[PDB]
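Asker: First the structure, which I've put down as structure tokens, then a few questions once you've had a look.
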Amino acid sequence: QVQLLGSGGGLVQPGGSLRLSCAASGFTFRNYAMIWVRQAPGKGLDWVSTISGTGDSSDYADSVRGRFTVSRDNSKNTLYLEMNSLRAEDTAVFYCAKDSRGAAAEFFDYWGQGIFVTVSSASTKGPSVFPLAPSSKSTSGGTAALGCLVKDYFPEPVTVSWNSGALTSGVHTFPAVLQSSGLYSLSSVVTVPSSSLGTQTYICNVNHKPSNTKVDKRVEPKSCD
Amino acid sequence: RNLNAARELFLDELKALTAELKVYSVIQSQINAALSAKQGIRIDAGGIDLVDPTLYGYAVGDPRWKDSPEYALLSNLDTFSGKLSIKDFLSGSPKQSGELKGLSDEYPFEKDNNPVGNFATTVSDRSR
Amino acid sequence: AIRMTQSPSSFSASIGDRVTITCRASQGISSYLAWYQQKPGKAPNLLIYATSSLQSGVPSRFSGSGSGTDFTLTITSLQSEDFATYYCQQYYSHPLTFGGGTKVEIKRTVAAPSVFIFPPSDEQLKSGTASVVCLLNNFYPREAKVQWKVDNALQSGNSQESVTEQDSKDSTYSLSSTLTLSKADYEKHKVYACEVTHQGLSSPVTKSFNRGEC
Ligand SMILES: [Cl-]
Ligand SMILES: [Cl-]
């Protein structure tokens with residue numbers, strides 16, 4: 001399969017540096033010009049830089065010129081973006097993308113999943129993970145809702161999966177709300193047969209990379225009245 | 001004024017296109033050769049120089065070359081340096097076909113998904 | 001920069017509708033225009049390149065046309081999974097520029113929410129805070145009114161709502177409302193209730209619990 005696995009993101013002080021990384025597999029990387037695209041929160045797509053197949057040519061958006069450097073390692077099949085002198089305005093999701101055809105940078109058939117960059121003088125905070133326990137107060141006939149509250153973390157994002165990716169059907173992971181505390185909170189919920197509560201195990205797997213938080217929390221029935 | 005200005009505009013416009021097409025014609029030649037030989041192509045300063053008057057029917061030193069539409073087009077590209085490589089031309093502005101960026105200096109021949117082939121396509125699309 | 005002006009910035013359509021997104025370039029770009037789809041919290045996907053060449057694997061209900069300065073993306077028979085934001089992108093020259101994007105939403109019939117409530121975890125209470133979550137599942141339209149009451153006393157400035165993106169199969173939304181109290185407040189009162197008001201309900205639905213039976 002064609003894959004572009006991104007990394008090197010996270011939280012950084014204003015003025016700080018990051019090195020975004022994108023590991024390519026499933027195609028002859030050295031024959032494809034590549035781009036970096038950024039997307040600020042609630043905004044559209046902005047081209048950041050272009051690099052030729054061999055890496056012997058690069059172009060930059062005027063706003064990052066001099067302070068961002070694009071580079072690539074064709075033996076290791078890695079694309080890089082070195083980012084210095086970061087500003088709040090740089091806070092965004094970054095995508096690497098490969099040209100469809102390769103010889104130049106034109107239009108892009110494969111895009112890596114976004115790398116989160118937050119530029120802020122605030123500290124990292126890992127989330128608490130609390131269970132949203134199934135009771136009859138969250139049973140509607142044959143259906144039970146249960147979940148995980150992922151509370152009091154910074155910055156974005158957390159990723160939530162259920163039973164290690166086994167359970168995707170019925171899952172709603174809500175967008176995070178910025179609490180007044182300045183920290184984020186979200187819930188992930190799922191609806192399941194209310195007859196499964198007895199027999200079947202429900203475990204949410206919460207990952208907050210900036211804080212190195214990796215929780216796996218059993219969510220267990222709790223009969224309320 | 002209006003009819004004659006238009007007439008002059010179009011005549012100039014046509015000369016520009018005719019020049020650009022002639023350049024792309026020379027570039028397309030180089031590519032087609034590499035494809036025919038099953039070989040790679042060099043489009044950098046180790047490839048041909050496109051600011052050669054003889055490529056356009058002018059002898060070296062001919063003073064009219066400097067007044068040619070070809071020279072006009074070529075010397076006004078931001079990549080112009082006295083010489084001009086295929087890559088310089090293709091990534092140079094302003095011209096009517098826009099710019100190609102993310103171009104490499106070299107495209108090797110490869111049996112599968114021939115780089116030179118992918119280069120040929122994108123240039124082909126620009127020269128149309 | 002060649003500026004790409006996209007219009008409209010959003011619209012609602014029914015399934016089966018024909019829908020047209022416009023992209024205007026600040027100068028001629030010949031045919032060097034592409035279209036992308038972006039489903040929420042996903043990378044973009046290429047739909048169309050060269051103005052009207054359809055990308056392998058894309059349904060033919062997507063078509064592109066235009067020349068020079070005006071470009072169109074048409075979805076000839078809109079489907080539930082076409083809920084996305086769509087961007088044009090020119091590649092005539094660098095810098096490569098993208099349209100502002102058009103957010104496509106989907107009108108459907110009214111669907112009422114199922115309403116679930118969750119008391120705060122023992123574990124959380126130990127830490128001095130108490131969050132009460134009210135979940136509204138699979139409803140349409142988005143507009144809903146969730147009101148918290150404590151010992152039958154209306155709350156205010158006390159809670160926050162979050163809403164999912166529209167489902168890809170049934171085009172409904174879900175919503176969380178989270179009431180946050182100190183352990184001190186929480187333990188004063190007994191009856192915690194969320195009252196949901198929605199077009200698909202005839203009278204409001206109230207889910208509630210008694211603190212000390214948890
Ligand atoms: Cl390949
Ligand atoms: Cl419907």
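Ordering of the structure tokens sets the chain letters (A, B, ...); residue numbers start at 1 within each chain; ligands are numbered from 1 in the order shown.
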How would you report the residues lying within 7 Å of ligand 1, as an mmCIF file with N, CA, C and O atoms, in the first residue's frame, if you count only C-alpha atoms and all ligand atoms?
Answerer:
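That gives us out_20.cif:
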data_model
loop_
_atom_site.group_PDB
_atom_site.id
_atom_site.type_symbol
_atom_site.label_atom_id
_atom_site.label_comp_id
_atom_site.auth_asym_id
_atom_site.auth_seq_id
_atom_site.Cartn_x
_atom_site.Cartn_y
_atom_site.Cartn_z
ATOM 1 N N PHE A 27 5.924 3.148 -2.900
ATOM 2 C CA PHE A 27 6.168 3.750 -4.201
ATOM 3 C C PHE A 27 7.610 4.224 -4.259
ATOM 4 O O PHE A 27 8.245 4.374 -3.228
ATOM 5 N N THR A 28 8.123 4.462 -5.465
ATOM 6 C CA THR A 28 9.533 4.789 -5.606
ATOM 7 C C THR A 28 9.715 6.273 -5.312
ATOM 8 O O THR A 28 9.736 7.110 -6.221
ATOM 9 N N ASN B 113 7.466 2.555 -14.558
ATOM 10 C CA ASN B 113 7.109 3.925 -14.223
ATOM 11 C C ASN B 113 8.281 4.859 -14.538
ATOM 12 O O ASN B 113 8.846 5.505 -13.655
#
Asker: Per residue of chain A within 6 Å of chain C, what are the shortest atom pair and its distance in Å to one decimal, counting only C-alpha atoms, with rows by chain and residue number, as CSV?
Answerer:
residue,atom,partner,partner_atom,distance
A:44,CA,C:100,CA,5.6
A:106,CA,C:91,CA,5.2
A:109,CA,C:46,CA,5.4
A:113,CA,C:43,CA,5.4
A:132,CA,C:118,CA,5.9
A:137,CA,C:117,CA,5.7
A:138,CA,C:116,CA,4.3
A:174,CA,C:164,CA,5.5
A:224,CA,C:214,CA,4.9
A:225,CA,C:213,CA,5.1
Asker: Which residues form the shell of 10 Å around ligand 2 when you count only C-alpha atoms and all ligand atoms, given as a PDB file with C-alpha atoms, in the first residue's frame?
Answerer:
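The new file selection_8.pdb reads:
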ATOM      1  CA  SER C  14     -30.944  16.893  -0.578  1.00  0.00           C
ATOM      2  CA  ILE C  15     -29.660  13.496  -1.750  1.00  0.00           C
ATOM      3  CA  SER C  80     -24.916  11.093   1.900  1.00  0.00           C
ATOM      4  CA  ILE C 106     -26.996  17.447   3.458  1.00  0.00           C
ATOM      5  CA  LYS C 107     -30.658  18.121   4.073  1.00  0.00           C
ATOM      6  CA  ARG C 108     -32.725  15.174   5.173  1.00  0.00           C
ATOM      7  CA  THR C 109     -35.964  14.493   7.021  1.00  0.00           C
ATOM      8  CA  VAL C 110     -36.289  15.147  10.738  1.00  0.00           C
ATOM      9  CA  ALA C 111     -34.796  12.488  13.015  1.00  0.00           C
ATOM     10  CA  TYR C 140     -31.599  15.905  12.446  1.00  0.00           C
ATOM     11  CA  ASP C 170     -27.831   8.649   7.487  1.00  0.00           C
ATOM     12  CA  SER C 171     -26.671  12.319   7.608  1.00  0.00           C
ATOM     13  CA  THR C 172     -27.571  12.800  11.313  1.00  0.00           C
TER      14      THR C 172
END
Asker: Please find the residues of chain B near chain A - the criterion being any atom within 10 Å, counting only C-alpha atoms - and write them as a CSV table (one decimal) with N, CA and C atoms, in the first residue's frame.
Answerer:
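Dumped to selection26.csv:
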chain,number,residue,atom,x,y,z
B,91,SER,N,11.0,26.3,-15.3
B,91,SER,CA,10.7,26.8,-14.0
B,91,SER,C,10.7,28.3,-14.0
B,99,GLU,N,4.7,27.9,-14.9
B,99,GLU,CA,5.9,27.4,-14.3
B,99,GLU,C,5.7,25.9,-13.9
B,100,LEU,N,6.8,25.1,-14.1
B,100,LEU,CA,6.9,23.8,-13.4
B,100,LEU,C,8.0,24.0,-12.3
B,101,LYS,N,7.6,23.7,-11.1
B,101,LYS,CA,8.5,23.6,-10.0
B,101,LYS,C,8.6,22.2,-9.5
B,102,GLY,N,9.6,21.9,-8.6
B,102,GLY,CA,9.8,20.6,-8.1
B,102,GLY,C,10.5,19.8,-9.2
B,103,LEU,N,11.2,20.5,-10.1
B,103,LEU,CA,11.9,19.8,-11.2
B,103,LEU,C,13.2,19.4,-10.7
B,104,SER,N,13.6,18.1,-11.1
B,104,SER,CA,15.0,17.6,-10.8
B,104,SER,C,15.9,17.9,-12.0
B,105,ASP,N,17.2,18.0,-11.7
B,105,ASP,CA,18.2,18.2,-12.7
B,105,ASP,C,18.3,17.1,-13.7
B,106,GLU,N,18.0,15.9,-13.2
B,106,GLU,CA,18.2,14.6,-14.0
B,106,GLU,C,16.9,13.8,-13.9
B,107,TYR,N,16.6,13.1,-15.0
B,107,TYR,CA,15.5,12.1,-14.9
B,107,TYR,C,16.1,10.8,-15.5
B,108,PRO,N,16.4,9.8,-14.7
B,108,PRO,CA,16.9,8.5,-15.2
B,108,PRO,C,15.9,7.7,-15.9
B,112,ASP,N,10.2,0.3,-15.1
B,112,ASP,CA,8.8,0.6,-14.6
B,112,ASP,C,8.7,2.0,-14.3
B,113,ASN,N,7.5,2.6,-14.6
B,113,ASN,CA,7.1,3.9,-14.2
B,113,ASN,C,8.3,4.9,-14.5
B,114,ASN,N,8.6,4.9,-15.8
B,114,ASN,CA,9.8,5.6,-16.3
B,114,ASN,C,9.8,7.1,-15.9
B,115,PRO,N,10.7,7.5,-15.0
B,115,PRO,CA,10.8,8.9,-14.7
B,115,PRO,C,10.7,9.9,-15.9
B,116,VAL,N,11.5,9.5,-16.9
B,116,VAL,CA,11.6,10.3,-18.1
B,116,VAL,C,10.3,10.4,-18.8
B,117,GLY,N,9.5,9.3,-18.6
B,117,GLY,CA,8.2,9.3,-19.2
B,117,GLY,C,7.2,10.3,-18.5
B,118,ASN,N,7.4,10.4,-17.2
B,118,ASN,CA,6.5,11.2,-16.4
B,118,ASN,C,6.9,12.7,-16.6
B,119,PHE,N,8.2,12.9,-16.8
B,119,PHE,CA,8.7,14.2,-17.3
B,119,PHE,C,8.1,14.5,-18.6
B,120,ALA,N,8.1,13.6,-19.5
B,120,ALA,CA,7.7,13.8,-20.9
B,120,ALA,C,6.2,14.2,-20.9
B,121,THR,N,5.4,13.6,-20.0
B,121,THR,CA,4.0,13.8,-20.0
B,121,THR,C,3.7,15.3,-19.6
B,122,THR,N,4.4,15.7,-18.5
B,122,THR,CA,4.1,17.0,-17.9
B,122,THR,C,4.5,18.1,-18.8
B,123,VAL,N,5.7,17.9,-19.5
B,123,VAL,CA,6.1,18.9,-20.4
B,123,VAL,C,5.2,18.9,-21.6
Asker: As a PDB file with N, CA and C atoms, in the first residue's frame, please: the residues near residue 206 (chain A) (cut-off 7 Å, only C-alpha atoms, same-chain neighbours under 5 positions excluded).
Answerer:
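In the end it all went to around.pdb:
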ATOM      1  N   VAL A 158      -6.022  14.575  21.120  1.00  0.00           N
ATOM      2  CA  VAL A 158      -6.069  13.208  21.615  1.00  0.00           C
ATOM      3  C   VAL A 158      -6.681  12.342  20.527  1.00  0.00           C
ATOM      4  N   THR A 159      -6.251  11.080  20.473  1.00  0.00           N
ATOM      5  CA  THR A 159      -6.898  10.074  19.644  1.00  0.00           C
ATOM      6  C   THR A 159      -7.519   9.017  20.554  1.00  0.00           C
ATOM      7  N   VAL A 160      -8.755   8.635  20.222  1.00  0.00           N
ATOM      8  CA  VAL A 160      -9.458   7.617  20.978  1.00  0.00           C
ATOM      9  C   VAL A 160      -9.838   6.478  20.036  1.00  0.00           C
ATOM     10  N   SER A 161      -9.550   5.257  20.460  1.00  0.00           N
ATOM     11  CA  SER A 161     -10.083   4.104  19.771  1.00  0.00           C
ATOM     12  C   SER A 161     -10.749   3.198  20.796  1.00  0.00           C
ATOM     13  N   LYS A 214      -0.794   7.437  27.307  1.00  0.00           N
ATOM     14  CA  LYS A 214      -1.319   6.277  26.606  1.00  0.00           C
ATOM     15  C   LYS A 214      -2.149   5.488  27.602  1.00  0.00           C
ATOM     16  N   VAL A 215      -3.437   5.806  27.704  1.00  0.00           N
ATOM     17  CA  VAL A 215      -4.314   5.161  28.674  1.00  0.00           C
ATOM     18  C   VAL A 215      -5.155   4.111  27.952  1.00  0.00           C
ATOM     19  N   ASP A 216      -5.456   3.022  28.652  1.00  0.00           N
ATOM     20  CA  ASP A 216      -6.424   2.036  28.205  1.00  0.00           C
ATOM     21  C   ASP A 216      -7.379   1.832  29.376  1.00  0.00           C
TER      22      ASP A 216
END
Asker: Among chain B, which residues carry a DSSP assignment of alpha helix (DSSP H), reported as a compact mmCIF listing (two decimals) with N, CA and C atoms, in the first residue's frame?
Answerer:
# COMPACT_ATOMS: atom_id res chain seq x y z
N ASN B 2 -8.33 51.75 -31.03
CA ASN B 2 -8.84 50.49 -30.49
C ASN B 2 -8.63 49.31 -31.44
N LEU B 3 -9.02 49.43 -32.71
CA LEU B 3 -8.82 48.35 -33.67
C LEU B 3 -7.32 48.08 -33.85
N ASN B 4 -6.54 49.15 -34.05
CA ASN B 4 -5.11 49.05 -34.36
C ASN B 4 -4.30 48.62 -33.13
N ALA B 5 -4.67 49.11 -31.94
CA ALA B 5 -4.02 48.65 -30.72
C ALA B 5 -4.21 47.16 -30.58
N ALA B 6 -5.45 46.71 -30.83
CA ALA B 6 -5.78 45.29 -30.76
C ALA B 6 -4.94 44.51 -31.77
N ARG B 7 -4.88 45.04 -33.00
CA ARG B 7 -4.10 44.43 -34.07
C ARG B 7 -2.64 44.27 -33.63
N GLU B 8 -2.04 45.32 -33.04
CA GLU B 8 -0.64 45.24 -32.62
C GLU B 8 -0.47 44.27 -31.46
N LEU B 9 -1.40 44.35 -30.50
CA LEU B 9 -1.41 43.43 -29.37
C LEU B 9 -1.39 41.99 -29.87
N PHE B 10 -2.29 41.66 -30.80
CA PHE B 10 -2.41 40.28 -31.26
C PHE B 10 -1.15 39.83 -31.99
N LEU B 11 -0.58 40.71 -32.82
CA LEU B 11 0.63 40.39 -33.56
C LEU B 11 1.77 40.06 -32.59
N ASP B 12 1.88 40.85 -31.52
CA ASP B 12 2.92 40.64 -30.52
C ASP B 12 2.66 39.35 -29.77
N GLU B 13 1.42 39.22 -29.30
CA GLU B 13 0.97 38.04 -28.60
C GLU B 13 1.30 36.78 -29.40
N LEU B 14 1.15 36.85 -30.73
CA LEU B 14 1.32 35.69 -31.58
C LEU B 14 2.81 35.32 -31.67
N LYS B 15 3.65 36.35 -31.73
CA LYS B 15 5.09 36.18 -31.81
C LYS B 15 5.61 35.48 -30.56
N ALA B 16 5.10 35.91 -29.40
CA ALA B 16 5.44 35.33 -28.11
C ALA B 16 5.13 33.82 -28.11
N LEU B 17 3.89 33.48 -28.50
CA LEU B 17 3.45 32.11 -28.52
C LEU B 17 4.29 31.31 -29.49
N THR B 18 4.52 31.88 -30.68
CA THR B 18 5.29 31.19 -31.70
C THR B 18 6.69 30.90 -31.15
N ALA B 19 7.29 31.87 -30.42
CA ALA B 19 8.61 31.64 -29.84
C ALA B 19 8.57 30.51 -28.80
N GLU B 20 7.66 30.65 -27.84
CA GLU B 20 7.53 29.67 -26.77
C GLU B 20 7.33 28.28 -27.35
N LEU B 21 6.45 28.17 -28.33
CA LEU B 21 6.19 26.88 -28.95
C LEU B 21 7.48 26.31 -29.55
N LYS B 22 8.30 27.20 -30.12
CA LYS B 22 9.53 26.78 -30.77
C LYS B 22 10.51 26.25 -29.71
N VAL B 23 10.53 26.91 -28.54
CA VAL B 23 11.37 26.47 -27.44
C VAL B 23 10.90 25.08 -27.00
N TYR B 24 9.60 24.96 -26.70
CA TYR B 24 9.06 23.67 -26.26
C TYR B 24 9.33 22.60 -27.32
N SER B 25 9.38 23.01 -28.59
CA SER B 25 9.70 22.09 -29.67
C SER B 25 11.12 21.53 -29.52
N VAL B 26 12.07 22.39 -29.14
CA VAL B 26 13.45 21.96 -28.95
C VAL B 26 13.54 21.07 -27.70
N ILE B 27 12.82 21.44 -26.64
CA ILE B 27 12.85 20.67 -25.40
C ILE B 27 12.24 19.29 -25.64
N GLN B 28 11.15 19.23 -26.41
CA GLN B 28 10.43 17.99 -26.69
C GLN B 28 11.31 17.04 -27.52
N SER B 29 12.20 17.63 -28.31
CA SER B 29 13.16 16.87 -29.11
C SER B 29 14.09 16.06 -28.20
N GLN B 30 14.73 16.78 -27.27
CA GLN B 30 15.64 16.19 -26.29
C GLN B 30 14.98 15.01 -25.58
N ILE B 31 13.76 15.23 -25.08
CA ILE B 31 13.02 14.20 -24.38
C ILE B 31 12.78 12.99 -25.29
N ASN B 32 12.23 13.24 -26.49
CA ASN B 32 11.92 12.16 -27.42
C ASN B 32 13.16 11.33 -27.75
N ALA B 33 14.34 11.98 -27.79
CA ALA B 33 15.59 11.25 -28.04
C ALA B 33 15.90 10.27 -26.90
N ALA B 34 15.81 10.79 -25.67
CA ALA B 34 16.05 10.00 -24.48
C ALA B 34 15.08 8.83 -24.41
N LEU B 35 13.80 9.08 -24.72
CA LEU B 35 12.80 8.01 -24.77
C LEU B 35 13.15 6.99 -25.85
N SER B 36 13.58 7.47 -27.03
CA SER B 36 13.92 6.56 -28.12
C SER B 36 15.14 5.69 -27.77
N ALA B 37 16.11 6.25 -27.04
CA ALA B 37 17.33 5.51 -26.71
C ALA B 37 17.17 4.65 -25.46
N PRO B 69 11.98 37.44 -30.95
CA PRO B 69 10.97 37.04 -29.97
C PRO B 69 11.47 35.95 -29.02
N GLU B 70 12.28 35.03 -29.56
CA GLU B 70 12.88 33.97 -28.78
C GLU B 70 13.74 34.58 -27.67
N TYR B 71 14.70 35.44 -28.05
CA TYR B 71 15.58 36.09 -27.09
C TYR B 71 14.74 36.92 -26.12
N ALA B 72 13.72 37.61 -26.65
CA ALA B 72 12.84 38.41 -25.81
C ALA B 72 12.21 37.55 -24.72
N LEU B 73 11.60 36.42 -25.13
CA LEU B 73 10.98 35.50 -24.19
C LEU B 73 12.01 34.98 -23.17
N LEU B 74 13.16 34.49 -23.68
CA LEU B 74 14.11 33.76 -22.87
C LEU B 74 14.82 34.67 -21.89
N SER B 75 15.26 35.85 -22.33
CA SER B 75 16.10 36.70 -21.48
C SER B 75 15.29 37.36 -20.36
N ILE B 86 17.04 23.82 -19.85
CA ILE B 86 15.69 23.30 -19.91
C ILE B 86 14.98 23.55 -18.58
N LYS B 87 15.58 23.12 -17.48
CA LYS B 87 14.94 23.32 -16.20
C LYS B 87 14.69 24.81 -15.94
N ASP B 88 15.67 25.66 -16.27
CA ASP B 88 15.56 27.10 -16.05
C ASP B 88 14.33 27.64 -16.80
N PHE B 89 14.21 27.23 -18.07
CA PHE B 89 13.10 27.64 -18.91
C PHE B 89 11.78 27.20 -18.27
N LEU B 90 11.64 25.88 -18.04
CA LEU B 90 10.42 25.29 -17.51
C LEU B 90 10.03 25.88 -16.15
N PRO B 115 10.69 7.53 -15.01
CA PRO B 115 10.76 8.95 -14.66
C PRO B 115 10.69 9.86 -15.89
N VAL B 116 11.53 9.54 -16.89
CA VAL B 116 11.65 10.33 -18.10
C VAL B 116 10.28 10.41 -18.77
N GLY B 117 9.51 9.32 -18.62
CA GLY B 117 8.17 9.26 -19.17
C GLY B 117 7.24 10.25 -18.48
N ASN B 118 7.38 10.35 -17.15
CA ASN B 118 6.54 11.23 -16.36
C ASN B 118 6.91 12.68 -16.64
N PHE B 119 8.22 12.91 -16.84
CA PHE B 119 8.68 14.21 -17.26
C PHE B 119 8.08 14.53 -18.62
N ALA B 120 8.14 13.56 -19.54
CA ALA B 120 7.70 13.80 -20.90
C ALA B 120 6.24 14.25 -20.90
N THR B 121 5.42 13.60 -20.05
CA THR B 121 3.98 13.84 -20.00
C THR B 121 3.71 15.28 -19.56
N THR B 122 4.36 15.70 -18.48
CA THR B 122 4.07 16.99 -17.86
C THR B 122 4.53 18.13 -18.78
N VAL B 123 5.66 17.93 -19.48
CA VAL B 123 6.14 18.91 -20.44
C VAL B 123 5.19 18.94 -21.63
N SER B 124 4.84 17.73 -22.08
CA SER B 124 3.86 17.57 -23.14
C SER B 124 2.61 18.38 -22.83
N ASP B 125 2.11 18.27 -21.59
CA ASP B 125 0.91 19.00 -21.20
C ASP B 125 1.14 20.51 -21.24
N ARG B 126 2.39 20.95 -21.05
CA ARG B 126 2.67 22.38 -20.99
C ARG B 126 2.85 22.95 -22.41
N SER B 127 3.38 22.13 -23.31
CA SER B 127 3.71 22.55 -24.66
C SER B 127 2.49 22.52 -25.59
Asker: Using DSSP on the backbone coordinates, identify all residues within region 8-188 of chain A classified as strand (DSSP E); present the result as a PyMOL selection string.
Answerer: chain A and resi 10-12+18-25+34-39+46-51+58-60+68-73+78-83+92-99+108-111+115-119+128-132+139-140+143-153+159-162+171-173+177-178+184-188
Asker: Quick one: of C:166, C:9, C:155, C:199, who's nearest to residue 143 (chain C), counting only C-alpha atoms?
Answerer: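 For residue 143 (chain C), the nearest of the candidates is C:199.
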Asker: So which residues touch residue 61 (chain B) within 12 Å, counting only C-alpha atoms, skipping near sequence neighbours fewer than 6 positions away, as a list in words?
Answerer: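 Contacts, in chain order: residues 52, 53 and 54 of chain B.
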Asker: Tell me, as a PyMOL selection string, which residues lie within 10 Å of residue 156 (chain A), counting only C-alpha atoms; anything in the same chain fewer than 4 positions away does not count.
Answerer: chain A and resi 10-11+116-118+124+176+178+183-185+208-210
Asker: Selection from above, N, CA, C and O atoms, as a short mmCIF file (atom, residue, chain, number, x, y, z; two decimals), in the first residue's frame, can you write it?
Answerer:
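Once written, part-v6.cif looks like this:
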data_model
loop_
_atom_site.label_atom_id
_atom_site.label_comp_id
_atom_site.auth_asym_id
_atom_site.auth_seq_id
_atom_site.Cartn_x
_atom_site.Cartn_y
_atom_site.Cartn_z
N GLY A 10 3.83 18.60 17.46
CA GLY A 10 3.57 18.76 18.88
C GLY A 10 3.52 20.22 19.31
O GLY A 10 3.16 21.11 18.53
N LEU A 11 3.87 20.43 20.59
CA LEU A 11 3.80 21.72 21.25
C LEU A 11 5.20 22.30 21.33
O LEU A 11 6.16 21.58 21.61
N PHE A 116 0.02 17.63 13.83
CA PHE A 116 -0.45 18.76 14.61
C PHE A 116 0.74 19.56 15.11
O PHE A 116 1.68 19.02 15.70
N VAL A 117 0.69 20.86 14.85
CA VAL A 117 1.68 21.78 15.37
C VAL A 117 0.94 22.83 16.17
O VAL A 117 0.07 23.51 15.63
N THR A 118 1.29 22.91 17.46
CA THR A 118 0.78 23.97 18.31
C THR A 118 1.96 24.80 18.79
O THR A 118 2.94 24.26 19.30
N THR A 124 2.34 21.63 28.46
CA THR A 124 1.65 20.39 28.15
C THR A 124 0.87 19.93 29.37
O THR A 124 1.38 20.05 30.47
N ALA A 176 -13.19 18.49 20.50
CA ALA A 176 -12.79 18.97 21.81
C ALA A 176 -13.36 20.35 22.05
O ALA A 176 -13.41 21.16 21.14
N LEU A 178 -12.75 23.82 24.26
CA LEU A 178 -11.79 24.53 25.07
C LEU A 178 -12.48 25.04 26.33
O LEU A 178 -13.24 25.98 26.26
N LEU A 183 -7.85 24.44 29.23
CA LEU A 183 -7.59 23.06 28.84
C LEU A 183 -8.75 22.53 28.00
O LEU A 183 -9.88 22.99 28.13
N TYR A 184 -8.46 21.52 27.18
CA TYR A 184 -9.49 20.88 26.38
C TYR A 184 -10.13 19.72 27.12
O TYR A 184 -9.58 19.16 28.07
N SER A 185 -11.31 19.35 26.64
CA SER A 185 -12.06 18.21 27.10
C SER A 185 -12.85 17.68 25.92
O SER A 185 -13.29 18.46 25.07
N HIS A 208 -2.49 10.74 24.04
CA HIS A 208 -2.09 12.13 23.96
C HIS A 208 -0.57 12.15 23.80
O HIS A 208 0.15 11.94 24.78
N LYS A 209 -0.12 12.37 22.58
CA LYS A 209 1.28 12.23 22.23
C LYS A 209 2.12 13.34 22.90
O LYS A 209 3.12 13.04 23.56
N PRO A 210 1.73 14.63 22.82
CA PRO A 210 2.50 15.70 23.47
C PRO A 210 2.83 15.46 24.95
O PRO A 210 3.80 16.02 25.43
#
Asker: Hey, which of B:111, B:128, B:98, B:39 ends up closest to chain C? Count only C-alpha atoms.
Answerer: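 Of B:111, B:128, B:98, B:39, the one nearest chain C, counting only C-alpha atoms, is B:98.
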